[PDB]
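Single-structure report; data block below.
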Number of protein chains: 2
Amino acid sequence: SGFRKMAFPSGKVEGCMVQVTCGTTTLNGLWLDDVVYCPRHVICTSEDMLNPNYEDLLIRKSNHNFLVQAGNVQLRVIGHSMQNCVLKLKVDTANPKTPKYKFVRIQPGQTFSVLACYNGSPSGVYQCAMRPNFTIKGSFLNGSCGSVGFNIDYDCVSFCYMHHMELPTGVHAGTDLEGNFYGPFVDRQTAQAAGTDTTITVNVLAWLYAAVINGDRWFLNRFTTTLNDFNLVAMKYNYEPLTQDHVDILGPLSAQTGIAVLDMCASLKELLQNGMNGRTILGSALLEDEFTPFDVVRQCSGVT
Amino acid sequence: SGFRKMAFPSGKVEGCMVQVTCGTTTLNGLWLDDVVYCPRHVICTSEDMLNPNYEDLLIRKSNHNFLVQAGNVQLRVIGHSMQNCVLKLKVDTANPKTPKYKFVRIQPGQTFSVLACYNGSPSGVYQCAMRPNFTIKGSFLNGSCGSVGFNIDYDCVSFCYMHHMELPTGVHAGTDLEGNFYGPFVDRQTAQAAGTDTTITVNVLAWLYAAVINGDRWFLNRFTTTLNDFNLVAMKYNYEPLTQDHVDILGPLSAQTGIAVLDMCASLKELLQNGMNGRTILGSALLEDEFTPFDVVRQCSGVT
Ligand SMILES: *CC(=O)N1CCN(S(=O)(=O)c2cccc(F)c2)CC1
Ligand SMILES: *CC(=O)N1CCN(S(=O)(=O)c2cccc(F)c2)CC1
């Protein structure tokens, strides 16, 4: 019993983290096979960062200007290319610790683990969600860029995020491992405002199911609702619209608990309308939206 | 910027997790050098667990009854002893992945990472605190016993917890790696009630400092207080008494923020008395007490 904000074990990703230095800028790189992936802004002087022309900046860079260090051993860079907002540094040595891996571009609402790194060295691991406005709420100081977000399916690491940017509002923006930003963000030190950070309704519902399974049941009410009625309340409270697809995804949790999804919707409706009245659910005074239905089933069933 | 509930990178501990089977009971073991540590209740039939005499049960067990599997390879058990509530299984092979390590017995309020495991395989990592009533609020299903809690200082893993028990109230009890329970708990399926789960005041204050550093400042007020006045309010709200030792430990955060510890105390006092009024601090509607002052400095400074 008990339900914790839980990250994937980080070992497989720890084995991939390197330090990348171009000129005076040091950040993190991901070493998979004989390629090191890192943010292209590694080539910028903080001056350059105001209006960088990366293709022009890159012309002035040779393989030998990219200093790649795996622990205390230097890797030989034998090639470099820009793909969107990442550099791919070809090294002469395949990472011996390369796990089975995929690059995936996640959807908003999807959760992942971040391995926060500085100088290619892991400092911590935490669980994130891709927000509906394509930001993440991370913990990233200077030097953390190139830290990656991942999911693990048994022995295959799906890399979904690389850290690039802090917005002026202290929220985080980054790319997939093909170097494409999540959302409208660009790797330039300019005015970039986030859109509405709406709540991930399907994740809240998953987490209410987790609470019932772990004995927290005070919020269960005598009511039901419809998708359309619920969605009127969701709209009012800056919750994402709930779709039949979301209802379908919550099916297994509905089955295990015997609480119809639309009944749990009606409970969430009362929680929005009435608040928590100083009570808590799984040790939270607010409605948690950084657990997916898949996360709830995983943790509640104990997948390794 | 940003402040996350952050676990240590788990790789060094992943490399130590094995499966231990005695009869029909499978749980987790920690393999350090040529010793595998596991809960002694591995030898019990759930019947035995009602009133086990472990010394008597152990007489019926030989080295060959302890099945130890590291991945898909079996370890040869060449010795076994009981130390308090853990078994130490001597194996003929030193764990090649043994990190630098220590066994430490932590104090209540101290935080650590748990690597939740099933069948010797890591499923997730989360951050815990030793509660003032010597329980932890974990995520542990059947098979998770022998999962360990740890801190890392650069390259040295300090093992502080091994999971043994769920209390009827769904909170968790376990031992240090010398097999001594935290608190009054025993490895027997009997009535064991937890004492008052008081809030770790020094940790709340650390986390209020983290909030100021990350730009969450709405709760800062015009007031100060004294340790004695604050402690009267703490008592009333089931907060641990604040000592000069706690004030001393918060010194570095006080220095960096320019907020006197007793000023932050007065802010916490108003938060207790007035509540959050529907506002949040670092995305929390309650006062977080599972960050130590050391955790706040670590994450805010970026130690690896
Ligand atoms: C995005 C990121 O982590 N980095 C690495 C550090 N550099 S920097 O320009 O070297 C720098 C160092 C210290 C303080 C700074 F504000 C920047 C920026 C990109
Ligand atoms: C404490 C712990 O994790 N374990 C391992 C599992 N066993 S058990 O007796 O094999 C068991 C299996 C399934 C369901 C159970 F309730 C118990 C108990 C000790």
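FYI, nothing fancy with the structure tokens labels: chains A, B, ... in order, residues from 1 per chain, ligands from 1 as they appear.
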
- Task: Please report as a VMD selection string which residues of chain A come no farther than 9 Å from chain B, using only C-alpha atoms.
- Result: chain A and resid 1 to 15 115 to 119 121 to 127 137 to 144 154 166 170 to 172 214 to 215 275 278 280 283 to 286 298 to 304

Could you write out that same residue set with C-alpha atoms as a PDB file, in the first residue's frame?
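Once everything was written out, this is out08.pdb:
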```pdb
ATOM      1  CA  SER A   1       0.000   0.000   0.000  1.00  0.00           C
ATOM      2  CA  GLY A   2       0.898   3.709  -0.264  1.00  0.00           C
ATOM      3  CA  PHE A   3       1.247   5.752  -3.461  1.00  0.00           C
ATOM      4  CA  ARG A   4       4.351   7.887  -4.143  1.00  0.00           C
ATOM      5  CA  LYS A   5       5.458  10.246  -6.935  1.00  0.00           C
ATOM      6  CA  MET A   6       7.843   7.631  -8.337  1.00  0.00           C
ATOM      7  CA  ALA A   7      10.595   8.023 -11.001  1.00  0.00           C
ATOM      8  CA  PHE A   8      12.024   5.150 -13.092  1.00  0.00           C
ATOM      9  CA  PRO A   9      15.272   3.711 -11.705  1.00  0.00           C
ATOM     10  CA  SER A  10      17.884   6.020 -13.364  1.00  0.00           C
ATOM     11  CA  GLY A  11      20.879   3.606 -13.666  1.00  0.00           C
ATOM     12  CA  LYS A  12      20.444   2.899 -17.427  1.00  0.00           C
ATOM     13  CA  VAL A  13      20.411   6.712 -18.132  1.00  0.00           C
ATOM     14  CA  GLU A  14      23.237   7.505 -15.656  1.00  0.00           C
ATOM     15  CA  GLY A  15      25.373   5.241 -17.913  1.00  0.00           C
ATOM     16  CA  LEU A 115      17.803  12.719 -14.426  1.00  0.00           C
ATOM     17  CA  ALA A 116      19.072  16.198 -13.427  1.00  0.00           C
ATOM     18  CA  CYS A 117      22.815  16.366 -14.293  1.00  0.00           C
ATOM     19  CA  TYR A 118      25.666  18.922 -13.971  1.00  0.00           C
ATOM     20  CA  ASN A 119      29.037  18.439 -15.818  1.00  0.00           C
ATOM     21  CA  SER A 121      27.252  13.827 -13.471  1.00  0.00           C
ATOM     22  CA  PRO A 122      23.782  12.834 -12.151  1.00  0.00           C
ATOM     23  CA  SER A 123      22.557  14.866  -9.103  1.00  0.00           C
ATOM     24  CA  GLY A 124      18.939  13.630  -8.812  1.00  0.00           C
ATOM     25  CA  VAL A 125      15.875  12.027 -10.393  1.00  0.00           C
ATOM     26  CA  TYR A 126      12.260  13.282 -10.281  1.00  0.00           C
ATOM     27  CA  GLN A 127       8.976  12.624 -12.105  1.00  0.00           C
ATOM     28  CA  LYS A 137       7.841  22.189 -13.991  1.00  0.00           C
ATOM     29  CA  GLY A 138      11.399  20.974 -13.377  1.00  0.00           C
ATOM     30  CA  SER A 139      14.387  21.586 -11.110  1.00  0.00           C
ATOM     31  CA  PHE A 140      17.172  22.923 -13.401  1.00  0.00           C
ATOM     32  CA  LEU A 141      20.086  25.290 -12.474  1.00  0.00           C
ATOM     33  CA  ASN A 142      22.759  26.581 -14.961  1.00  0.00           C
ATOM     34  CA  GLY A 143      24.735  23.535 -16.226  1.00  0.00           C
ATOM     35  CA  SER A 144      21.612  21.237 -16.256  1.00  0.00           C
ATOM     36  CA  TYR A 154      11.265  -3.317 -18.820  1.00  0.00           C
ATOM     37  CA  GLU A 166      14.088  28.297 -18.434  1.00  0.00           C
ATOM     38  CA  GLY A 170      10.811  29.764 -13.965  1.00  0.00           C
ATOM     39  CA  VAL A 171       9.082  26.943 -15.976  1.00  0.00           C
ATOM     40  CA  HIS A 172      11.085  24.748 -18.365  1.00  0.00           C
ATOM     41  CA  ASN A 214      -4.916   2.847  -1.103  1.00  0.00           C
ATOM     42  CA  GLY A 215      -7.931   3.406   1.231  1.00  0.00           C
ATOM     43  CA  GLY A 275     -12.718  22.243  -2.477  1.00  0.00           C
ATOM     44  CA  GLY A 278      -8.815  21.186   4.727  1.00  0.00           C
ATOM     45  CA  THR A 280      -6.009  15.587   2.018  1.00  0.00           C
ATOM     46  CA  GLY A 283      -1.097  13.315   1.465  1.00  0.00           C
ATOM     47  CA  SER A 284      -1.985  16.102  -1.040  1.00  0.00           C
ATOM     48  CA  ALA A 285      -4.169  19.213  -0.366  1.00  0.00           C
ATOM     49  CA  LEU A 286      -4.543  19.694  -4.154  1.00  0.00           C
ATOM     50  CA  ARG A 298       2.204   0.276 -12.948  1.00  0.00           C
ATOM     51  CA  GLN A 299       2.768   1.406  -9.315  1.00  0.00           C
ATOM     52  CA  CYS A 300      -0.405  -0.344  -7.964  1.00  0.00           C
ATOM     53  CA  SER A 301       0.573  -3.673  -9.747  1.00  0.00           C
ATOM     54  CA  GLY A 302       4.397  -3.325  -9.180  1.00  0.00           C
ATOM     55  CA  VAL A 303       5.857  -3.621 -12.759  1.00  0.00           C
ATOM     56  CA  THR A 304       9.737  -3.900 -12.879  1.00  0.00           C
TER      57      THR A 304
END
```

- Item | Selection near residue 239 in chain A, 7 Å with only C-alpha atoms, sequence-local residues under 2 positions removed, as number ranges by chain | A: 198-201, 234-235, 237, 241

- Using only C-alpha atoms and all ligand atoms, determine which residues fall within 10 Å of ligand 1, then list them as number ranges by chain. A: 20-28, 39, 41-47, 49, 117-119, 140-147, 163-166, 187

- Task: Check the smallest atom-to-atom distance from each of B:108, B:174, B:252, B:258 to ligand 2 using only C-alpha atoms and all ligand atoms, then report the winner.
- Result: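 Closest to ligand 2, using only C-alpha atoms and all ligand atoms: B:174.
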
- Item | Two-atom distance - CA of residue 219 in chain A, atom 14 (C, counted along the ligand's line) of ligand 2 (Å) |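 We find that CA of residue 219 in chain A and atom 14 (C, counted along the ligand's line) of ligand 2 lie 28.6 Å from each other.
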
- Task: Might you pull out every residue within 10 Å of residue 93 in chain A, with only C-alpha atoms counted and same-chain residues fewer than 5 positions away left off, and present them as a list in words?
- Result: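 Those residues are residues 31, 33, 34, 35, 75, 76, 77 and 78 of chain A.
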
Can you write out the residues you just picked, keeping N, CA and C atoms, as a short mmCIF file (atom, residue, chain, number, x, y, z; two decimals), in the first residue's frame?
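Produced file selection19.cif, reproduced below:
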```
data_model
loop_
_atom_site.label_atom_id
_atom_site.label_comp_id
_atom_site.auth_asym_id
_atom_site.auth_seq_id
_atom_site.Cartn_x
_atom_site.Cartn_y
_atom_site.Cartn_z
N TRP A 31 24.99 10.02 -24.46
CA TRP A 31 25.88 9.17 -25.28
C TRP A 31 25.20 7.81 -25.54
N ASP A 33 25.16 4.65 -28.40
CA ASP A 33 25.98 4.11 -29.50
C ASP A 33 27.16 5.07 -29.62
N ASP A 34 27.52 5.51 -30.82
CA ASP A 34 28.70 6.38 -31.04
C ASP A 34 28.21 7.79 -31.35
N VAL A 35 27.08 8.20 -30.79
CA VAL A 35 26.56 9.58 -31.00
C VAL A 35 26.35 10.21 -29.62
N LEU A 75 36.30 11.66 -25.00
CA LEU A 75 35.89 10.96 -26.24
C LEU A 75 36.37 11.77 -27.45
N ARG A 76 36.86 11.06 -28.47
CA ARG A 76 37.30 11.65 -29.75
C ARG A 76 36.06 11.91 -30.61
N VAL A 77 35.81 13.18 -30.94
CA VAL A 77 34.71 13.60 -31.85
C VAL A 77 35.20 13.51 -33.31
N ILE A 78 34.55 12.68 -34.11
CA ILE A 78 34.95 12.38 -35.52
C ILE A 78 33.90 12.93 -36.48
#
```

So which residues touch residue 178 in chain B within 12 Å, counting only C-alpha atoms, skipping near sequence neighbours fewer than 5 positions away, as an mmCIF file with C-alpha atoms, in the first residue's frame?
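This is the output file part31.cif:
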```
data_model
loop_
_atom_site.group_PDB
_atom_site.id
_atom_site.type_symbol
_atom_site.label_atom_id
_atom_site.label_comp_id
_atom_site.auth_asym_id
_atom_site.auth_seq_id
_atom_site.Cartn_x
_atom_site.Cartn_y
_atom_site.Cartn_z
ATOM 1 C CA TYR B 37 21.287 -8.675 3.462
ATOM 2 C CA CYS B 38 17.500 -9.406 3.626
ATOM 3 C CA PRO B 39 14.626 -9.346 6.160
ATOM 4 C CA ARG B 40 14.753 -12.445 8.426
ATOM 5 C CA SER B 81 23.635 -15.599 10.269
ATOM 6 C CA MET B 82 20.856 -13.535 11.847
ATOM 7 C CA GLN B 83 21.807 -9.985 13.007
ATOM 8 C CA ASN B 84 18.759 -8.522 14.831
ATOM 9 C CA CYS B 85 15.917 -8.585 12.193
ATOM 10 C CA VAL B 86 18.126 -9.133 9.055
ATOM 11 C CA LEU B 87 19.813 -12.234 7.634
ATOM 12 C CA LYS B 88 23.326 -11.902 6.271
ATOM 13 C CA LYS B 102 28.275 2.800 4.806
ATOM 14 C CA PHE B 103 25.418 1.612 7.037
ATOM 15 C CA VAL B 104 23.932 4.608 8.916
ATOM 16 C CA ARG B 105 21.013 4.728 11.375
ATOM 17 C CA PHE B 159 22.197 2.663 3.425
ATOM 18 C CA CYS B 160 19.783 3.728 6.206
ATOM 19 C CA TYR B 161 16.613 1.601 5.655
ATOM 20 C CA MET B 162 15.456 -1.892 4.668
#
```

- Task: Within 9 Å of residue 227 in chain A, counting only C-alpha atoms, which residues show up once you throw out same-chain ones fewer than 2 positions away? Write them as an MDAnalysis selection string, please.
- Result: chainID A and resid 225 229:232 241:244 262 265

- Item | DSSP strand (DSSP E or B) selection over range 142-176 of chain B, as a list in words | residues 148, 149, 150, 151, 152, 153, 156, 157, 158, 159, 160, 161, 162, 163, 164, 165, 166, 172, 173, 174 and 175 of chain B
